[PDB]
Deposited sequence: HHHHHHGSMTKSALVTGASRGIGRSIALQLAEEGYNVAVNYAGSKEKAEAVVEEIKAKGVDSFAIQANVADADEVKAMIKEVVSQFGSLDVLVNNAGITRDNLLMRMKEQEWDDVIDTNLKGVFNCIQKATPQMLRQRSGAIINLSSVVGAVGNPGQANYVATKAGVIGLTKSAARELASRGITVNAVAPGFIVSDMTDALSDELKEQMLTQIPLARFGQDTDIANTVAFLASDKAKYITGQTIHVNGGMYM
C-alpha cells in the first residue's frame, strides 16, 4: 500500500523522536535497538497509536549479518524499505593521550562501520524499488572538531563522506543519501548546571538549545517527496553555532 521506514537506535532520544515523526507523516516504522527491548517496544506502541504499523527489531549495527537479518525482516513484514535513518551512535570520550584502544575501536565500529553496514545491506532492496531516501545522523563536531572526542569526530566527519559517496553511487537509480548535523540538543543538558548551560548558550546565536523534534523535522523533510532533488548534503540544525 503506503510507505515504510527503518530507524536505527530509535528506543530513546532523537531516534525515538524521528521515528514518531515518520509515523505522523504516515510511514510504517521499524524500531531498531541494541539492548533496550522494553523502551523500543514502548515506542513501537506509541507509533501504533498514530494509526500506522510498527515493530521492534533488535540488532547491533556494527555486525554485518545481524544487519542483513534486520533488513530482510523489515522487507518481509513491510513489503519495502522506503526510508533508512542511521541514527544509532555512541560516544567514548577522552583526550587523545588518555584514549584506550577499545574506546577508539568501539566508536568506529558503531558510528562509522554501522552506517556503512546499514547503507550496504539496505541497497539491494532500494535499487529494486528504484526509489528511496537514506538519512544519516552526524553532528556539529563532525564539521568543527572538538577536543576530547577525536574518535567520535572522526566517525561524524567520516559519516559525512560516506553520505557523499553513497549519494554518488545510488543517485542514478532513484535513491537520495543525506546527512543531518545537530548542534546542542536538549537530552541528558537536564542536569547540567547554570554556569555550564550559559557557557554553552553563548555559542548559539539563537540563544537556546535545540529540541528532538527540530532534528525529526529535518529528517522527515529529507525523506519526503518534497526533497527528492536533494542529495549528498548535510543539513546543520544548530541554531547558528556553525555556519
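Chemist: Which parts of the deposited sequence lack C-alpha coordinates in this model? Number from residue 1, please.
Modeler: No C-alpha for residues 1 to 8, 197.
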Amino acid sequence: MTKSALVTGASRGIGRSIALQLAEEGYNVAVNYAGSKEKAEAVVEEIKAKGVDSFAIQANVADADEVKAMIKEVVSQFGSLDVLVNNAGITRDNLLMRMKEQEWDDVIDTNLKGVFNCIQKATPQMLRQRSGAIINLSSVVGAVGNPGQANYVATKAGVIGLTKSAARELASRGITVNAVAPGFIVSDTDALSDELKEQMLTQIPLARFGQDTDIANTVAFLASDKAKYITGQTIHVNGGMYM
From here on, numbers count along this sequence of modelled residues.
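Chemist: Once you work out the mean C-alpha B-factor for both 95 to 103 and 73 to 81 from the entry, which is higher?
Modeler: That would be 73 to 81.
Chemist: On mean Cα temperature factor in this entry, is 149 to 157 or 114 to 122 the higher one?
Modeler: The recorded data point to 114 to 122.
Chemist: Whose C-alpha has the highest temperature factor in the PDB entry: 175, 180, 216, 191?
Modeler: Among 175, 180, 216, 191, the PDB entry lists the largest C-alpha B-factor for 191.
Chemist: Among the chain's modelled residues, which third holds the C-alpha B-factor of residue 2?
Modeler: Tercile = highest for this residue's CA B-factor.
Chemist: Taking only the Cα B-factors deposited for this chain, tell me whether residue 18 sits in the lowest, middle or highest third.
Modeler: Within its chain, residue 18 is a middle-third residue by C-alpha B-factor, going by the deposited values.
Chemist: State the tercile, meaning the lowest, middle or highest third, of residue 26 with respect to the CA B-factors recorded for its chain.
Modeler: Its C-alpha B-factor, which the entry lists for residue 26, ranks in the highest third among residues of this chain.
Chemist: Among all modelled residues of this chain, ranked by Cα B factor, put residue 204 in the bottom, middle or top third, i.e. lowest, middle or highest.
Modeler: As the PDB entry reports it, the C-alpha B-factor of residue 204 lands in the lowest third of its chain.
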